[PDB]
Structure formats: structure tokens, C-alpha cells
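Derivation of every value follows stated rules applied to the coordinates shown; laboratory data play no part. Neighbour counts run over all protein chains shown; Cβ positions are idealised from the backbone, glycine included.
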Amino acid sequence: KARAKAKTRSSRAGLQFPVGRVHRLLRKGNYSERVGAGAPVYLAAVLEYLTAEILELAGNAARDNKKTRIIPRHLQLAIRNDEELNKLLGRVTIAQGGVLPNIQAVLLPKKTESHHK
Amino acid sequence: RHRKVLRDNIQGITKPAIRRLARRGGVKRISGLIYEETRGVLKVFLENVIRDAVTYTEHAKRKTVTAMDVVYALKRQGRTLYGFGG
Amino acid sequence: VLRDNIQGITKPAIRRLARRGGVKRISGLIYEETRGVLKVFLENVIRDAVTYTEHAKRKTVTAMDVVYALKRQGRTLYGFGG
Amino acid sequence: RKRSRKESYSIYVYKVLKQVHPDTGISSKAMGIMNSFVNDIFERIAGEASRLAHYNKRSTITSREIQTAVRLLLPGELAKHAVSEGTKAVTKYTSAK
Amino acid sequence: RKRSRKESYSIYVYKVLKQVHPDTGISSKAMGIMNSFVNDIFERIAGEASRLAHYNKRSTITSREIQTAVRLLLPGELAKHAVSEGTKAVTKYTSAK
Amino acid sequence: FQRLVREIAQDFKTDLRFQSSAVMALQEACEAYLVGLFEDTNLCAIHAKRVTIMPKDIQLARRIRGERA
Amino acid sequence: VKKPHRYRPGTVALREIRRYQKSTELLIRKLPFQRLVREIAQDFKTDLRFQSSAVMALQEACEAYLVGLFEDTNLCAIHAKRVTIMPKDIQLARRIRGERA
């Protein structure tokens with residue numbers, strides 16, 4: 001016996017997310033009788049990619065307000081300004097998120113407010 | 001004295017607060033009749049939510065309503081909420 | 001001749017549908033818009049259906065695939081099995 | 001000294017953030033939001049995959065079912081990119097045990 | 001001679017219909033509708049019961065869980081009458097084992 | 001309707017075959033969706049003190065129900 | 001100036017719009033909302049207590065729902081060539097969303 005040292009599957013997948021934790025959460029929760037080996041890697045990679053996308057947008061919005069730390073407002077701005085995420089999270093409320101500044105053009109004053117004598 | 005502050009009830013949810021909320025919704029000019037109707041609407045929403053929360057509360061034999069029960073109750077009505085646990 | 005085949009869904013059929021909705025008067029521009037609208041709905045449904053069909057590695061589309069794909073859009077359907 | 005242990009996904013998110021935008025931090029509340037978000041997505045996918053398994057009289061949930069669920073839930077190019085990442089990941093896993 | 005077996009709830013619907021309205025028939029299509037309906041409610045309730053049980057870390061489904069689920073899903077008086085019927089059923093069953 | 005469905009499915013995957021009942025199911029779903037939409041649309045039209053429906057009515061209803069597409 | 005300075009109608013509302021849309025702080029005061037919650041809970045079950053975070057969560061949900069409703073309301077209003085929202089708009093919005101009342 002040699003007992004090769006304890007490399008982990010996440011490192012093998014080139015991922016940061018924990019494969020084993022997802023496997024555990026699938027076993028416990030009664031989604032199905034059996035679970036296949038390849039599923040949780042795929043699943044973890046999916047979650048990582050989405051998380052990266054969100055944080056990317058949030059960081060851009062953060063730089064717009066000259067703040068170095070991400071706060072919820074930035075996340076709300078990130079979600080609502082990207083079409084696909086808005087579809088995915090169409091019925092979700094972000095706490096302390098607020099809304100976009102969109103005001104309809106009609107209720108804004110007349111742009112023909114100029115030199116008038 | 002009969003003070004009963006504006007009713008000792010919902011009518012403490014004053015007009016300018018509703019105005020502020022309408023300002024968040026992009027609204028510019030509001031009629032006087034909106035206020036009462038809004039209150040009614042609010043009441044209805046709250047009722048349903050609280051009922052579900054309390055039902056969850058009754059299942060676990062507790063007398064303190066927790067955040068998690070409210071979140072799940074909000075989830076079943078298609079109004080999922082993030083930022084208060086689960 | 002065929003006109004990309006959406007035109008098989010003729011105007012008077014749409015008019016009959018509007019009649020069932022309790023509508024009395026229809027502008028001539030509705031029809032084209034409706035066609036586009038319809039197409040979108042169908043597209044989405046079929047995609048989901050075909051995807052279920054593809055998972056079973058079958059080549060024949062079954063009603064149950066459609067039923068599930070409708071179930072996922074919140075337009076649950078009764079009366080065609082399951 | 002009863003000492004609890006409440007698990008979360010916080011640290012992984014923090015790692016990813018330091019990878020993508022090194023000079024930036026993130027508050028605790030936003031991390032809680034992201035944690036709830038991940039939990040939601042996990043539940044949706046698992047439920048969908050379960051129903052897919054039951055309809056076809058299969059007792060194993062596989063990567064294929066996950067792939068199918070993702071193609072259903074998500075729109076377009078997002079689905080394609082996610083699928084590509086998953087396929088690359090499983091391909092790397094299968095070889096370099 | 002290889003041949004299949006398809007389960008349904010036809011007979012039970014027929015019994016109930018004869019009990020409430022002995023002199024009346026029903027077409028097969030409507031029977032199909034009722035079959036779909038029954039299956040849909042079964043799915044909804046079981047799903048809800050599962051979610052409740054999981055949130056309180058209890059591994060068992062009892063009549064209590066079903067009852068709670070019913071009060072959540074169904075409105076008012078309908079829930080009350082249904083609860084009464086189910087309660088009577090359980091009390092008679094446990095009395096007459 | 002059969003030919004439309006066959007063309008679209010062909011655009012997604014080739015040489016497919018369709019059970020009759022699936023086509024019927026799609027038929028029912030489409031017509032139910034359309035009538036629901038036209039009902040809400042008619043309400044929207046009456047709200048503007050008209051009796052003739054117009055595209056913006058449909059767009060409004062579709063935007064509110066969340067079927068934005 | 002002999003006259004006190006006065007803004008024309010339709011500007012301070014805009015100022016309010018920009019201020020409240022740049023910020024995220026809750027608009028409604030805590031206490032009356034808290035009393036309302038307790039009063040309504042009493043009619044279903046007696047002697048209940050509430051954690052603070054649960055009330056805060058409810059407040060957030062209510063404000064988001066109403067905010068969305070006012071957005072839909074204003075669109076329904078604009079369709080009728082008005083700028084002032086009225087109850088029938090709200091009734092229409094709730095009819096279209098598929099809710100009960």
C-alpha cells in the first residue's frame with residue numbers, strides 16, 4: 001500500500017467549487033435514487049461560470065460609482081441591465097436593490113423650453 | 001380623548017410615504033383617492049403571506065415567527081426573496 | 001403558393017378567435033402581429049418538447065413531451081394523458 | 001460551550017471575485033445574497049432533473065440529464081457557454097484521475 | 001401475445017359518480033381530464049409535503065404534514081371540509097384495524 | 001398547423017415524426033393562450049375609452065403579464 | 001426678492017424621483033408597519049412574537065411589490081393619455097396579473 005496523497009476532485013476539474021458538497025446535497029434531498037459520478041462536476045462548473053459573470057458586471061458598475069467594494073445596489077444594476085439574467089430572475093427581489101432610474105419620456109418637461117419672448 | 005393615532009392602525013401609514021413609493025415607481029402626479037385603495041391592497045397581500053408564515057410556524061410548534069418561514073411563504077407566491085437566508 | 005407557411009393561419013381564423021374572446025372590432029394590423037406572437041410561443045414549446053424527445057433518443061414526438069413543456073411555462077394542460 | 005457549525009458557500013465566491021477583479025472587496029450582505037442565489041439555482045436544476053428521470057423510467061441521474069435541464073431553463077448563448085464549460089470540465093475529470 | 005398494462009383511476013371515478021348521481025354517464029374524454037386532474041393534485045401536494053419536511057429536518061411524512069400542506073395550498077372552507085373528511089377517515093381506520 | 005409545426009421542428013432537428021395527439025395538444029394550448037390574451041387586451045382597449053383593439057394594447061398586456069419575449 | 005422663491009409645478013417631484021432612485025433606504029417608517037403586522041397576526045393566532053428581521057424582510061417585499069405595481073400602473077395610465085394615476089388603473093393591473101381582487 002502507498003496511500004497516494006489527497007488531491008481533490010475540484011482541482012482535477014480545474015474548478016474552485018466543491019464537488020463533494022454538491023454530491024452530498026444531491027444524495028440528501030430525495031431528488032433521485034442514484035447519482036452519477038460526472039453530474040456534480042458539470043453542475044459545479046455551471047455555478048462557477050454564472051457567479052463569475054454576475055460579479056464581473058457588478059465590478060463594472062462599482063467602478064462607475066468610484067467604489068472599490070461591491071454593495072447590493074451594484075448587483076441590482078448588474079442584473080437588471082443584462083437581458084438574460086433579468087429573464088432568469090424576473091420574479092426575484094434583491095433586498096436593498098432599488099430600481100433603475102428609468103423615467104418615461106412623456107412625463108418629462110417640454111424640450112421646447114428655450115428662447116421665448 | 002379620542003386620538004387613536006389616525007386609527008391606531010394602517011392610517012399611520014401616511015400619505016407622504018405612499019407618495020415616496022410612487023416616486024420610486026416613476027409616478028409624478030397622484031390623485032387623492034389612491035391612498036385608501038393602496039392601503040386595502042397592501043392589507044390583502046400581507047394577510048396571505050402572514051397566513052402561510054403562521055402555518056409554517058404552527059407546524060414546528062413555535063410561538064416565534066422566523067425569517068425563514070417568511071421567505072418560504074414569499075417563495076410559494078412567486079415572489080422569491082434574496083438576502084434574508086435561503 | 002406557400003408564404004413561409006405561417007400564412008396558412010388565415011385572417012378569418014384569427015377573427016374567430018378574437019370573437020371567442022368577446023371582441024367586437026378588430027383593426028387590420030393585428031393579424032400580422034398576432035402571427036409573430038404565435039410563432040414565438042410555439043417555438044418555445046417545441047424546443048422544450050424536442051429536448052425531452054432528444055433525451056429518450058427517440059425520433060417520434062409524443063404528446064407527453066408537449067404536456068411537460070407546457071407545464072414548465074405555467075400553462076398546465078389537462079386532457080391528453082398524464 | 002455548545003459551538004455550532006453553519007455552512008455556506010461564502011469563501012468560494014470570494015476566491016472567484018479576487019480572481020476576476022483583484023482590487024475589490026465585497027460586503028457580507030452581498031455575499032449572503034449570492035449564497036441564496038446559488039441555493040435557488042441548485043434547487044431548480046435538481047428538481048427538473050428528477051422529473052426528467054421519472055418520465056423515462058430511468059433510475060440514474062446523469063450528466064446528460066443535467067445538460068438537458070440547463071438547455072431547458074436557460075436562454076441561448078448562456079446555455080451554450082455553460083454547456084461548453086461543463087463538457088470541458090467533465091472531459092478533464094475523466095482523463096486525469 | 002406480448003402486451004402491456006396501463007394503470008388509471010377510471011373505476012374509482014365511476015364508483016363515485018354512481019354514488020352521487022346513479023343515473024348518469026360520462027364520456028371517456030372527461031374521464032381523461034379527471035385523471036389528469038387527480039395526478040396534478042397528487043404531484044402538487046407531495047411536493048409541498050416534501051419541502052416542509054426538509055425544512056424541519058424530519059425524515060418522515062405523517063398525516064400532519066399532509067394537513068399543513070392542504071391548508072397552505074387550498075383556500076378556506078374547502079380546506080376545512082377536506083380536513084374534516086381526512087380526519088374522520090384516519091380516526092375510523094385507526095379504530096378498526 | 002401540421003405543416004407549420006413540421007417546418008419549425010425541421011429547423012431544430014431533421015426528419016422528425018409527430019403523433020397526432022401531440023399536434024392536437026399544441027392546437028389546444030395555442031388557442032387557449034390566444035383567447036386569454038385577447039380577453040385581457042380587450043380590457044386594455046376599453047380602458048382607453050375605445051372599442052377597437054390595436055397593437056399597443058397587445059404589447060401593453062404582454063408587457064404586464066411578464067411574457068415580454 | 002420680494003417674492004419667496006417658488007418652483008413651477010412638476011419639478012420637486014422630479015427631484016424626489018432622482019433622490020429616491022439613487023438611494024436604497026426604506027421609505028416607510030418602522031413602527032406603524034410593525035404594529036400593523038402584529039395586529040393582523042393576532043386575528044389568526046394569539047400571543048405570537050416576531051423577530052425583527054422577519055418584519056424587515058416583509059417590509060422589503062411589500063415595497064418591491066408596490067413599486068412594481070406603480071410601474072405597471074403608470075403604463076396603464078399612459079395608455080389612456082393621462083399622467084395622473086387612478087384606481088381603475090390599479091384594478092386593471094391586478095386583473096391582468098391574475099391575482100384575485
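Exactly one condition in (1) out of contact with any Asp or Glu (no Cβ under 8 Å at 6 or more places or on another chain); (2) within 7 Å of another protein chain (Cβ to nearest Cβ); (3) closer than 30 Å to A:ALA105 by Cβ is false for G:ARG8; which is it?
(2)
Look through region D:38-77, keep the residues that are free of Cβ contacts under 8 Å to residues at least 24 places away in the same chain, touching a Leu at 6+ places or on another chain (Cβ under 8 Å) and in a helix (DSSP H, G or I), and return whichever of them is surrounded by the most Cβ atoms within 10 Å (Cβ to Cβ).
So, considering only residues that are free of Cβ contacts under 8 Å to residues at least 24 places away in the same chain, touching a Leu at 6+ places or on another chain (Cβ under 8 Å) and in a helix (DSSP H, G or I), the one surrounded by the most Cβ atoms within 10 Å (Cβ to Cβ) is D:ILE66.
Kindly indicate which of G:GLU16, G:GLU25 is part of a loop (DSSP other than H, G, I, E, B) and within 15 Å of the chain's Cα centre (by Cα). Working first, answer last.
Numbers: G:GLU16 fails: part of a loop (DSSP other than H, G, I, E, B).
Exactly one of G:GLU16, G:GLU25 is part of a loop (DSSP other than H, G, I, E, B) and within 15 Å of the chain's Cα centre (by Cα), namely G:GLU25.
Provide a single number: the residues in region C:40-62 that are facing chain F (nearest Cβ under 8 Å) and under 17 Å from the mean Cα position of the chain (by Cα).
The total comes to 11.
Scan region C:68-82 and tell me whether some residue there is facing chain F (nearest Cβ under 7 Å) and in contact with a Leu (Cβ under 8 Å, 6 or more places away or on another chain). Walk me through it before giving the result.
Our first condition is that a residue be facing chain F (nearest Cβ under 7 Å); within region C:68-82, this holds for C:70, C:75, C:77, C:80.
From what's left, in contact with a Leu (Cβ under 8 Å, 6 or more places away or on another chain): C:70, C:77.
Yes - at least one qualifying residue is present in region C:68-82.
When region C:1-32 is examined, which residues are found to be within 7 Å of chain F (Cβ to nearest Cβ) and surrounded by 14 or more Cβ atoms within 10 Å (Cβ to Cβ)? Write out each step before concluding.
To start, the set of residues in region C:1-32 that are within 7 Å of chain F (Cβ to nearest Cβ) comprises C:5-6, C:8, C:17-18, C:20-27, C:29-30.
Hits for region C:1-32 are C:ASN5, C:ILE6, C:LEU17, C:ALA18, C:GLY21, C:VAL23, C:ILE26, C:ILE30.
Any chance region D:16-27 includes a residue that's within 18 Å of the chain's Cα centre (by Cα), within 25 Å of A:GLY36 (Cα to Cα) and free of Cβ contacts under 8 Å to residues at least 60 places away in the same chain?
Within region D:16-27, none of the residues are within 18 Å of the chain's Cα centre (by Cα), within 25 Å of A:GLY36 (Cα to Cα) and free of Cβ contacts under 8 Å to residues at least 60 places away in the same chain.
Of everything in region A:59-117, what is over 22 Å from G:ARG18 (Cβ atoms) and in contact with a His (Cβ under 7 Å, 6 or more places away or on another chain)? Give them in sequence order.
Listed by number, the list holds a single entry, A:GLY59.
Scanning for something facing chain B (nearest Cβ under 9 Å), surrounded by 14 or more Cβ atoms within 10 Å (Cβ to Cβ) and in contact with a strand residue (DSSP E or B) (Cβ under 7 Å, 6 or more places away or on another chain), does region G:11-30 turn up at least one residue? Step through it out loud before you land on a result.
Applying the first criterion (facing chain B (nearest Cβ under 9 Å)) to region G:11-30 yields G:13-14, G:16-17, G:19-21, G:27-29.
Now restrict to residues that are surrounded by 14 or more Cβ atoms within 10 Å (Cβ to Cβ): G:13-14, G:16-17, G:20-21, G:27-28.
Narrowing further to those that are in contact with a strand residue (DSSP E or B) (Cβ under 7 Å, 6 or more places away or on another chain): none.
Within region G:11-30 (the criterion being facing chain B (nearest Cβ under 9 Å), surrounded by 14 or more Cβ atoms within 10 Å (Cβ to Cβ) and in contact with a strand residue (DSSP E or B) (Cβ under 7 Å, 6 or more places away or on another chain)), the answer is no, since none of the residues qualifies.
Looking at A:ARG63, A:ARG80 in this structure, which one is facing another protein chain (nearest Cβ under 9 Å) and in a helix (DSSP H, G or I)?
Numbers: A:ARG80 fails: facing another protein chain (nearest Cβ under 9 Å).
Answer to the selection: A:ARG63.
So how many residues does region F:31-52 have that are more than 17 Å from C:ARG75 (Cβ to Cβ) and at the interface with chain C (Cβ under 7 Å from one of its Cβ atoms)?
To start, the set of residues in region F:31-52 that are more than 17 Å from C:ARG75 (Cβ to Cβ) comprises F:41-52.
Then keep just the ones that are at the interface with chain C (Cβ under 7 Å from one of its Cβ atoms); that gives F:42, F:51-52.
Residues in region F:31-52 being more than 17 Å from C:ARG75 (Cβ to Cβ) and at the interface with chain C (Cβ under 7 Å from one of its Cβ atoms): 3 in total.
Going through region D:1-12 one residue at a time, which ones are surrounded by 19 or more Cβ atoms within 10 Å (Cβ to Cβ) and either without any contact (Cβ under 8 Å) to a residue 24 or more places away in the chain or more than 24 Å from A:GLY20 (Cα to Cα) (or both)?
If the condition is that a residue be surrounded by 19 or more Cβ atoms within 10 Å (Cβ to Cβ) and either without any contact (Cβ under 8 Å) to a residue 24 or more places away in the chain or more than 24 Å from A:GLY20 (Cα to Cα) (or both), then D:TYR12 is the only one that fits.
Which ones in region A:26-49 are facing chain D (nearest Cβ under 7 Å), without any contact (Cβ under 8 Å) to a residue 24 or more places away in the chain and not in a loop (DSSP other than H, G, I, E, B)?
A:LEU26, A:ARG34, A:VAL35, A:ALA39, A:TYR42, A:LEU43, A:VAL46, A:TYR49
Output yes when any residue across region E:5-28 is charged (D, E, K, R), assigned to a helix (DSSP H, G or I) and over 26 Å from D:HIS54 (Cβ atoms), and no when none is. Outline the logic, then answer.
Start the filter on region E:5-28 by keeping residues that are charged (D, E, K, R), which leaves E:5-7, E:15, E:18, E:23.
Checking which are assigned to a helix (DSSP H, G or I) leaves us with E:15, E:18.
If we keep only those that are over 26 Å from D:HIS54 (Cβ atoms) too, we end up with E:15, E:18.
Yes: region E:5-28 contains one or more residues that are charged (D, E, K, R), assigned to a helix (DSSP H, G or I) and over 26 Å from D:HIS54 (Cβ atoms).
Determine, yes or no, whether D:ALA82 is within 20 Å of B:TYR82 (Cα to Cα), of a type in the set (A, V, I, L, M), facing another protein chain (nearest Cβ under 7 Å) and crowded, with 19+ Cβ neighbours inside 10 Å.
Answer is no for this residue.
Just wondering, is there one or more residues in region A:97-114 that are touching a strand residue (DSSP E or B) at 6+ places or on another chain (Cβ under 7 Å) and facing chain B (nearest Cβ under 10 Å)?
From region A:97-114, those touching a strand residue (DSSP E or B) at 6+ places or on another chain (Cβ under 7 Å) are none; that's our starting set.
No, there is no match, as no residue in region A:97-114 is touching a strand residue (DSSP E or B) at 6+ places or on another chain (Cβ under 7 Å) and facing chain B (nearest Cβ under 10 Å).
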